[PDB]
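First comes the structure, then the notes that go with it.
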Amino acid sequence: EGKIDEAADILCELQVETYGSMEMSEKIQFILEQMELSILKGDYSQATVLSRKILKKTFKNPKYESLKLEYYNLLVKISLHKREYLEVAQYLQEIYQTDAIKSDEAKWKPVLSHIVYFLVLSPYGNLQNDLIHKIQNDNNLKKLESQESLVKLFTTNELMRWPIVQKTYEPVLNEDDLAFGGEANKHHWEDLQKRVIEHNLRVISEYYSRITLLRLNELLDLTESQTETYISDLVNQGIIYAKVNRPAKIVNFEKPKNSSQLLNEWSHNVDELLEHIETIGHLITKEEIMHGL
Amino acid sequence: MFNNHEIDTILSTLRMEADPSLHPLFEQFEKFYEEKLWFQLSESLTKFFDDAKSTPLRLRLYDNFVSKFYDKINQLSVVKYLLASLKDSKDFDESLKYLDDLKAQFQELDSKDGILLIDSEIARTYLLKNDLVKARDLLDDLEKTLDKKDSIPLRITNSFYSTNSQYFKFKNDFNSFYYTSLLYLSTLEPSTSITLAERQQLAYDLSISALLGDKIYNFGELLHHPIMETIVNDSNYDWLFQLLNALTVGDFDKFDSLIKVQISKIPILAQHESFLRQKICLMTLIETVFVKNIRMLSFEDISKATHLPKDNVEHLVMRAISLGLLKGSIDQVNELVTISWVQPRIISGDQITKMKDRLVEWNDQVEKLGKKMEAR
Amino acid sequence: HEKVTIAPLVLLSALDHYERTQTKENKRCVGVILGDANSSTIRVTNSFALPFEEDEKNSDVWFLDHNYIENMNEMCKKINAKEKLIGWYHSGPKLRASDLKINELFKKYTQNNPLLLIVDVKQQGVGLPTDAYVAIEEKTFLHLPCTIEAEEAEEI
């Protein structure tokens, strides 16, 4: 009928007036559908309370993959309009764990193929840093790999690479409307633009005592301002160090030299011995005697 | 021959008595095969000698007294051979044929020890590769099995590492594999007499997997251990030795001269030798050149002192753990490497004396202060 | 890892053992040690002479009986449940390949890898006249550092 809100509105009330979840399986479906209508509506929140309430109990079901998957896909669609990719892929990751169990890896890969993709879509994640290898990951049939190879392309990251890797990958790779809402790849690409750039700065962060804006923009393939912003970003993020220096047109990558250092460092210089003579010592006389002879 | 004929009959044969070995049909078939010095793996101490490489069809006749393997020749005793030796019969269905019969017999019939067979059956499958998938899967199970195990055999891992290597042997990841095999050598290190065609060719592939390693260098290695003469010698071992030379010299065309297909088959060493030359230059540049609390090396001429040029320095030297290794950072302006450790090293004789000197220096001198303080 | 408490009671007694046994450096007076070993700090409650024979003329030749520990622990358990076997001691001052044999015998009787104990019956060198080793394995064995506790009743 094209009734949307009203359609949702007659269905907006399930959790409460109706079942105290006397049967979830019934109820959860419409909870789902409420969540579903919530989409054509556009408000996650309808979906949300439902969603946030419901799903563990699907696990607490004799866990019913559908009830996950259905929701888990809502949970995706939640995540989709959301575009919070750790969380996105995190959700994925959850019942992604189920669909190697449930589906084949094959059907199940594209999730992953998007998951770490989402992880990369995410500006980053700390679990993503753990999620990095998994084990079978680069699940060792598809690629699926440049994905993690990009995860590997991190520690080496360049941003001479960015347009390269972009051109390099978009069969689905940069180019995804499938299970991700990049209309253009910007929701990959642009989001990933900074993303790589973001990570690019990290090893950059590691590897620069000092550098010129140029040499940056040289390596970073950007204008000053962007650069400045990205600087300013992690500056304003406090995640990196830098100097705001136009006069030099050069960025000290700085250091927090006031940690007083030799506090720990000389104590660590001691820790060295508290390692060394402690470590090295314990072995030696033992060693040649452990050897004896 | 005497071993089989004289050993088969007198050997055991009678270990052992009125068995299938010296049974009507039995003694014939060897004699039918031969007395001619190539044989069927001869039942205990001489089969314990005999791998004998005419395929055993005492396949059956080893398989006698195996019901008596309770009260008869009893040990591992089996994949000592067969499952070892006829594992080397080198067919596809063959192993698979007896893989379920031996793994289900010496693990069920006789059981209802096998772990080393459990690996043999599992490991032996993996020779056939069949598909790294199924390999690794139960391999990692074979691993997962192996994990908790405190197993008196290295033979288990000497199976497994070889096995797991065999897995990687199908593959790249000699970083793992080479190491994995390098592990395996350290596993074979105590035991397991072998053959040279087994010795070098593996150690070759090892020495090869050094290349298809290459690495966190390495540089110097197990080359010390008796893979050398042994490996080098000659053929690609020349290279493999000359590569050890390039592991020091690091001249492209001392080798890119040498390159034939197999090494050019992975051209990425042309990057790895740059990876080498830098690192090769670096390590000693690192190990010594500054001794005087070594760090700086910063950058360019010092980096061109690698005699690899400055704009590649702008990469190679620039990359650090983007080399997998280096620490520190860059002053672009002043053209200074910031460096830190992640450089291991060696040699002897030198700081040896220096060591105790300062460390007895304060020491002695301390005693001045170290005179009365908590005493008084 | 499990690096351990040390019991002076043990230490003393073990030396009286050494004393009592009239042990000379030709020998090392050996015996059970007691505690509970689960924690990343093992505790040594007690320890017991294992009447023993040691010959390094032929290294692997030496004598010990478990049936002590058999009879021992029973009473010990009956004495205290916390006595559960953590390992064993010897005199020392230093190791002999005979140890490893001796070592793994206790592995039968121990929860984790049991514990060697070196003593310096002459108490000569330093903090500890003592080491405690645990087999690792290419064998390994290892000394984790250890120390005394309270044991204040002792300290009293």
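Ligands are numbered from 1 in the order shown, residues from 1 within each chain, and chains are lettered A, B, ... in the order they appear in the structure tokens.
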
>> Could you tell me which residues of chain C sit within 12 Å of chain B when counting only C-alpha atoms, and give me the result as a list in words?
In response: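 That gives residues 113, 136, 137, 138 and 139 of chain C for chain C.
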
Filtering to N, CA, C and O atoms, could you give me those residues as a PDB file, in the first residue's frame?
ATOM      1  N   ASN C 113      56.581 -30.628  36.299  1.00  0.00           N
ATOM      2  CA  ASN C 113      57.941 -31.118  36.311  1.00  0.00           C
ATOM      3  C   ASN C 113      58.490 -30.910  37.714  1.00  0.00           C
ATOM      4  O   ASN C 113      58.498 -29.771  38.199  1.00  0.00           O
ATOM      5  N   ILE C 136      63.684 -29.216  31.690  1.00  0.00           N
ATOM      6  CA  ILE C 136      62.930 -28.520  30.654  1.00  0.00           C
ATOM      7  C   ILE C 136      62.965 -29.288  29.336  1.00  0.00           C
ATOM      8  O   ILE C 136      61.939 -29.778  28.866  1.00  0.00           O
ATOM      9  N   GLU C 137      64.152 -29.387  28.746  1.00  0.00           N
ATOM     10  CA  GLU C 137      64.322 -30.093  27.482  1.00  0.00           C
ATOM     11  C   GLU C 137      63.861 -29.239  26.306  1.00  0.00           C
ATOM     12  O   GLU C 137      64.677 -28.745  25.527  1.00  0.00           O
ATOM     13  N   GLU C 138      68.102 -32.566  23.051  1.00  0.00           N
ATOM     14  CA  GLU C 138      68.254 -31.271  23.698  1.00  0.00           C
ATOM     15  C   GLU C 138      67.436 -31.201  24.981  1.00  0.00           C
ATOM     16  O   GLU C 138      66.295 -30.761  24.957  1.00  0.00           O
ATOM     17  N   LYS C 139      68.012 -31.664  26.090  1.00  0.00           N
ATOM     18  CA  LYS C 139      67.406 -31.435  27.393  1.00  0.00           C
ATOM     19  C   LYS C 139      67.532 -29.965  27.780  1.00  0.00           C
ATOM     20  O   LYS C 139      68.418 -29.244  27.318  1.00  0.00           O
TER      21      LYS C 139
END

>> Show me, as a PyMOL selection string, the residues that have an atom within 9 Å of residue B:232 when counting only C-alpha atoms, minus same-chain residues fewer than 6 positions from it.
In response: chain B and resi 200+204+238-241

Just the selected residues (N, CA and C atoms), exported as a short mmCIF file (atom, residue, chain, number, x, y, z; two decimals), in the first residue's frame, please.
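Heads up, here's the output in result.cif:
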data_model
loop_
_atom_site.label_atom_id
_atom_site.label_comp_id
_atom_site.auth_asym_id
_atom_site.auth_seq_id
_atom_site.Cartn_x
_atom_site.Cartn_y
_atom_site.Cartn_z
N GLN B 200 71.83 -33.71 1.00
CA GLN B 200 72.02 -32.43 0.34
C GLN B 200 70.73 -31.94 -0.29
N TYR B 204 69.90 -28.80 0.09
CA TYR B 204 69.81 -27.99 -1.11
C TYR B 204 68.54 -27.16 -1.05
N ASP B 238 77.23 -24.22 -5.75
CA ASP B 238 78.13 -23.15 -6.13
C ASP B 238 77.44 -21.82 -5.90
N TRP B 239 76.37 -21.57 -6.67
CA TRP B 239 75.51 -20.43 -6.38
C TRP B 239 75.23 -20.38 -4.89
N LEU B 240 74.54 -21.41 -4.38
CA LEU B 240 74.16 -21.43 -2.97
C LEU B 240 75.34 -21.09 -2.09
N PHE B 241 76.54 -21.50 -2.49
CA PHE B 241 77.72 -20.99 -1.82
C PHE B 241 78.03 -19.57 -2.25
#

> What are the residues of chain A that have an atom within 6 Å of an atom of chain B, counting only C-alpha atoms, as an MDAnalysis selection string?
Replying inline: chainID A and resid 156 207:211

>> Can you work out which residues from chain C touch chain A at a cut-off of 10 Å (counting only C-alpha atoms) and hand them back as a ChimeraX atom specification?
In response: /C:94-97,140-145

Would you output that residue set with N, CA and C atoms, as an mmCIF file, in the first residue's frame?
data_model
loop_
_atom_site.group_PDB
_atom_site.id
_atom_site.type_symbol
_atom_site.label_atom_id
_atom_site.label_comp_id
_atom_site.auth_asym_id
_atom_site.auth_seq_id
_atom_site.Cartn_x
_atom_site.Cartn_y
_atom_site.Cartn_z
ATOM 1 N N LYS C 94 76.918 -29.111 43.339
ATOM 2 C CA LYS C 94 76.778 -28.986 41.899
ATOM 3 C C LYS C 94 76.301 -30.282 41.265
ATOM 4 N N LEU C 95 75.919 -30.145 40.000
ATOM 5 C CA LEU C 95 75.148 -31.139 39.281
ATOM 6 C C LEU C 95 76.007 -32.294 38.804
ATOM 7 N N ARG C 96 75.332 -33.411 38.568
ATOM 8 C CA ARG C 96 75.936 -34.600 38.001
ATOM 9 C C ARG C 96 74.907 -35.261 37.107
ATOM 10 N N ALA C 97 75.367 -35.791 35.976
ATOM 11 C CA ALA C 97 74.437 -36.369 35.012
ATOM 12 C C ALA C 97 73.541 -37.427 35.647
ATOM 13 N N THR C 140 66.617 -29.518 28.634
ATOM 14 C CA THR C 140 66.840 -28.327 29.430
ATOM 15 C C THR C 140 66.562 -28.677 30.881
ATOM 16 N N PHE C 141 67.228 -27.956 31.770
ATOM 17 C CA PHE C 141 66.807 -27.815 33.150
ATOM 18 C C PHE C 141 67.056 -26.364 33.512
ATOM 19 N N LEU C 142 66.386 -25.882 34.549
ATOM 20 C CA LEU C 142 66.502 -24.454 34.778
ATOM 21 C C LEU C 142 66.336 -24.122 36.251
ATOM 22 N N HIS C 143 67.023 -23.060 36.648
ATOM 23 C CA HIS C 143 66.912 -22.469 37.969
ATOM 24 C C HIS C 143 66.047 -21.231 37.879
ATOM 25 N N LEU C 144 64.897 -21.303 38.432
ATOM 26 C CA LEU C 144 64.274 -20.029 38.709
ATOM 27 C C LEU C 144 64.719 -19.541 40.075
ATOM 28 N N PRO C 145 64.873 -18.236 40.235
ATOM 29 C CA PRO C 145 65.244 -17.696 41.545
ATOM 30 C C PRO C 145 64.192 -18.041 42.584
#

>> Show me, as a PyMOL selection string, the residues that have an atom within 12 Å of stretch 144-146 of chain B when counting only C-alpha atoms, minus same-chain residues fewer than 4 positions from it.
In response: chain B and resi 114-119+122-123+136-140+150-161+164
